[PDB]
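Examining the three-dimensional arrangement
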Amino acid sequence: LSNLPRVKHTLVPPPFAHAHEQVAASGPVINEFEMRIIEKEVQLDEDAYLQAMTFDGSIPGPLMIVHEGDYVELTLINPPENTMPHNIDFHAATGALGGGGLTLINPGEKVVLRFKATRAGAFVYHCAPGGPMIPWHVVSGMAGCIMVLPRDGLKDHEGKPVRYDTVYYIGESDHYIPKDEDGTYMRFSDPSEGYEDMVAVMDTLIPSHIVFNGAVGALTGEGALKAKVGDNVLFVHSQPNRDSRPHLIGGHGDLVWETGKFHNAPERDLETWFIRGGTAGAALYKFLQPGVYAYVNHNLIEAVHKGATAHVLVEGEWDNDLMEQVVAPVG
Amino acid sequence: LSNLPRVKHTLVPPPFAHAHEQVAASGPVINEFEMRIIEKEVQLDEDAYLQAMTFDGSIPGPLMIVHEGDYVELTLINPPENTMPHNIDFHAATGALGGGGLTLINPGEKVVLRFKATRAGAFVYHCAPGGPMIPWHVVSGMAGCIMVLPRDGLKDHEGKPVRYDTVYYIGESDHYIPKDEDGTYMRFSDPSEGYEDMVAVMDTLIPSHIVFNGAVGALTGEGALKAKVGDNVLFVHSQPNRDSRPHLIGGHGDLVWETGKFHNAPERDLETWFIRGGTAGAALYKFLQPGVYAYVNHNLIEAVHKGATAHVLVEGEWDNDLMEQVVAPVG
Amino acid sequence: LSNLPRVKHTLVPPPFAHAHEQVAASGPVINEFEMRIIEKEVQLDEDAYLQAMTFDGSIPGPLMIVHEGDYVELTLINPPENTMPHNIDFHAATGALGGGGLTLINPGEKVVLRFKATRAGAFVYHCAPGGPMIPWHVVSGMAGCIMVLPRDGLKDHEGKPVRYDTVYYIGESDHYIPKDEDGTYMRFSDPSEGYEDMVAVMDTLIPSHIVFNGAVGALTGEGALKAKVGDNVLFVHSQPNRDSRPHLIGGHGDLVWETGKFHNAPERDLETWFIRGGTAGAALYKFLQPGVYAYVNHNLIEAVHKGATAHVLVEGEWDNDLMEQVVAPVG
Ligand SMILES: [Cu+2]
Ligand SMILES: [Cu+2]
Ligand SMILES: [Cu+2]
Ligand SMILES: [Cu+2]
Ligand SMILES: [Cu+2]
Ligand SMILES: [Cu+2]
Ligand SMILES: [Mg+2]
Ligand SMILES: [Mg+2]
Ligand SMILES: [Mg+2]
Ligand SMILES: [Mg+2]
Ligand SMILES: [Mg+2]
Ligand SMILES: [Mg+2]
Ligand SMILES: [Mg+2]
Ligand SMILES: [Mg+2]
Ligand SMILES: [Mg+2]
């Protein structure tokens, strides 16, 4: 490998994607990424907080993008101010529990893992220190995604090349914040303090919150996603621990790889697709009409009561052939 | 469009389908449909009632059938005796939140929406007035389905034409009826009165009832579906808010589009398939043996305790080559 | 049929598979299997027990393997020491509610059912005596799987023959053990005694335990599965009543039939796949690296808190090209 080019990448925060090329402009390279683990309390909603544990300070962790056959060398840093051990498990990798058995670092330590991205697809990465710590760290926010694109870019079900203009990485996360008998949420001084109470909620399998980008409303209102009519947007969707059923209100999935692995034929014209807990899927959609759209988990209680809603504001000209109000509300 | 034929359809109640042709006998047409919103209390089971909000007086709303490339003009009526605003969101449509942003009507108003059915598949339609009203109206019963057939009819995974004799539209709906501490259900005078208590149940994500055709037992016993040996039945299955896993006890899915979009290859020989909450899927089965069958959501607690069971009684001759009792129960 | 060969099989306990050949070495045969129903209390975990009802004394029931077009003649025995009626419903069969309407046997009776295995795939079989007994017997442990292999063996998405070295049958089962207010589990003298309390837990749809091979830890530690680098292992996964999302930590699904029916194209390179409640799926993986792997349901709360974890210990040489620790934990 001393013989292959090295590319150092600067990660950007979700839902955005760092700069990259859809068709690799070179032969296999070694992609260098660095992340700092940040433990901090985050506001999930009005009066709801989580003692979170995060990759690079965001939930989800940032999206990494590489090409099939490249190597990935991740420098993971556990700063001394943190309270516990962490590691990383890449579903894109082969061996040593996804890298988790080679990356356990205590506060004050760093580690560098190299793996070959042998399989194309969007994949979850997540913390997995061992035993009960595995689910607890993930539902505390420690998960992201790496997208391994085919070297010749995405292809559809007949082998035709397809291209996107923008990638939006929707990281959906379920959380289990303990509640007082009246339904209000509990607050703690650090992650460990709230562990036993959080387990009791985890045992019910009912999340208190299910959110995109780490908080209710993160991608609504002022944080709405933007696009223009004609844009091909690839929505890469991860859910590290619980199923989701994404749907774009007013749109469709033109090409969808719900299990997220690019050499498999994508399905077309979907209304709603399915992201298995522990995976990332991807859906491409070409916007045809301007206006407000919402992208949701279509259990509408999870979308609206729990937080799994993002908005997309689209600029452009309206096409009355696709839809038209014939008789406006009247009476 | 002033230039295309217009077809006025009379909807029939689920689980049945209005008259139609599998292969369009004409070029694009404008299909005209009308529905009246009916708010009324319905009996979900012995001692369990729902203050329902329905399209055309049924749960699910009626099935609309058209062909890809046709237009759909829906006249939606909110009668003055109703208590709240409603609208319609067609997952089959493009733009304005599926039509929801163009169809909000208060009691005493009507609206007419036209959209082009550009994509083949079975799709959910549902009420979505905005915010918390979206899940609450849907789990109150406001959802149905439109099936957009390819103009040249259904095709299998090799492009072969396939045909059905009968369509049965199974609309599965999850409901969240509030309970007293002893497990008995609460009753209310109107939808609004029971809203806060219903939200508390919705927040648990555990339905009190999961039903086909709007009630426990609707399609069992006297309401059992009928068929004959040799019949090809297309079971179109919607679930607007929560996943389901349909299975025909004693049968199979010969051809199944679980994500419900007809240009995608169907899978064959399934035992159980999966309907994502917020979608409609379809399964074709040719009956080979007479007798009693049941069609269920195969979480058997949801099928039996919650209500997701229908029966099918099939007439015809038994084939001992497919199955035979060799030694009858004895001892 | 008096004219076809008969093969008597000796079933082996899950997760193993009885001896068989991938490509049938003969024309259609009549496969003879026998199972004894055993009602007994089983230890699901430290301080958690289930009054179980089992096929052949195991949970899941044993795997049967035959080829498409063969017949299956199952001798089912309900010994006189048992307390209730039981039967069997094969999702692989056509008619009479999968055989359930021809196999209801009381304690002290036997029955022999013949059916033709007309469709290739892994399929669930389970007890289904009628009404509320259907879910209760299944979540009490009465379910297994039959795998009907194509006569010419498994084929991939291009029709290429694929072969496995070992089949591991992972039977995942959800259970609903009643709890005291403090979270501890209740114990009963027999199945019937605990029925009403179990129903109350079933109604919540939240399993107390979700396990492989009938108990928490059954296939971890001393019961870890074994393999060598280079082995192609087919993981056949059943879940008779509730969804699962299998994932091999450190591995992938090379070829996966998640809906479990072999003539459908398998998907490749999956990280996590999905088993619908009421079905069996299959995933083939070639081990590339030695070490510890875990095979889990990837809702990590279900995997770790509820019991859905197995371990696989793999012997062989490590490949630093696939993964290497560049900088070991240091600081
Ligand atoms: Cu961690
Ligand atoms: Cu994982
Ligand atoms: Cu409404
Ligand atoms: Cu919708
Ligand atoms: Cu039984
Ligand atoms: Cu079944
Ligand atoms: Mg940085
Ligand atoms: Mg409080
Ligand atoms: Mg397109
Ligand atoms: Mg009418
Ligand atoms: Mg009462
Ligand atoms: Mg056929
Ligand atoms: Mg024996
Ligand atoms: Mg106790
Ligand atoms: Mg391979």
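Along every chain, residues receive numbers from 1 upward following the written sequence, which is not necessarily the numbering found in the entry; those without coordinates are excluded from display. Lettering for chains starts from A, numbering for ligands starts from 1, and both go in the order in which the items are written. Hydrogens and water are ignored here; the side-chain numbers use all heavy atoms of the structure.

Structure determination for this PDB entry is given in the record as X-ray crystallography, at a resolution of 1.46 Å.

Time to look at the interface of chain B and chain A. In many reports, interface size means the accessible area that the parts give up when they come together. On the chain A side, the residues contacting the 57 residues of chain B number 45 residues. A 1.4 Å probe defines the accessible area here, and the buried area is the portion of it lost by two parts on being joined, summed over both. Buried surface at the junction of chain B and chain A, both sides included, amounts to about 4,200 Å², of which 56% is carbon and sulfur. When the buried area of chain B at its contact with chain A is split by residue, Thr94, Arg119 and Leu205 of chain B rank highest and sum to 17% of it. By salt bridge we mean one thing: a side-chain nitrogen of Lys or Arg within 4 Å of a carboxyl oxygen of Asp or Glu. At the boundary of chain B with chain A, the tally comes to 7 salt bridges. Any two residues whose heavy atoms approach within 4.5 Å at even a single point are treated as in contact.

Two copies of the chain are present, and they differ by a rotation about an axis and a shift along that axis. The superposition method for the copies is least squares, with the C-alpha atoms as the fitted set. Placing chain A over chain C gives an RMSD of 0.0 Å and needs a rotation angle of 120 degrees, together with 0.0 Å of translation along the axis. What we have between these two chains is a three-fold relation. Minimal C-alpha separation from the rotation axis in chain A is found for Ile206 of chain A, amounting to 5.1 Å. In this assembly, only 5% of the residues forming the interface of chain A have copies in chain C that are likewise at the interface, indicating a heterologous arrangement.

All names here are of chain B. The sheet built from 6 strands is open, its strands ordered β11-β10-β13-β17-β15-β16 with mixed pairing. The open sheet has two edge strands, β11 (209-212) and β16 (267-270), and neither has a second partner. Each strand axis lies, on average, 25 degrees off the axis of its neighbour in the sheet, ignoring direction. Here, any two strands with at least 2 DSSP bridges between them count as paired. Only DSSP runs of H or I covering at least 4 residues are called helices, and only runs of E covering at least 2 are called strands; the numbering of each starts at the N terminus. One ladder, built from 4 bridges, connects strand β10 (residues 166-175) with β11; its direction is antiparallel. Bridge assignment links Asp174 to a residue of β11, and that residue is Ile210. Axis angles are defined between N-to-C directions and span 0 to 180 degrees, where every axis is a line fitted to C-alpha atoms and, for a helix, only to the segment in contact.

Attention shifts here to the coordination of the copper ion (ligand 6). Counted as donors are N, O and S atoms no farther than 2.8 Å from the metal, or 3.2 Å for Na, K and Ca; water is not among the atoms, and sites may therefore look incomplete. Each protein donor to the copper ion (ligand 6) is listed here as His298 of chain B (NE2), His91 of chain C (NE2) and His126 of chain C (NE2); together their distances run 2.0 Å. With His298 of chain B in the loop between β18 (291-297) and α3 (300-306) and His91 of chain C in the loop between β6 (89-90) and β7 (109-116), this pair bridges two chains.

Turning our eyes to something else, we now look at the UniProt feature "binding site: Cu cation 2" in chain A. UniProt positions are given in the numbering used here, feature names are shortened, and annotations may be inferred rather than shown by experiment. Following the UniProt record, the feature "binding site: Cu cation 2" maps to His91, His126 and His298 of chain A here. Separation in sequence by 208 residues is matched in space for these annotated residues, since their most distant C-alpha atoms are 25.5 Å apart. If you trace the backbone, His126 of chain A turns up in strand β8 (residues 121-126). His298 of chain A has contacts with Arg245, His247 and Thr272 of chain A together with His91, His126, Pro240, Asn241, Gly277 and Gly278 of chain B, leaving out every residue within four places of it along the chain. Polar contact criterion, stated in full: a pair of N or O atoms within 3.5 Å, where within protein one must be able to donate a hydrogen and the other to accept it, and residues adjacent in sequence count only if both atoms are side-chain atoms. Of note is the side chain of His298 of chain A, whose polar atom sits 3.1 Å from the side chain of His91 of chain B.

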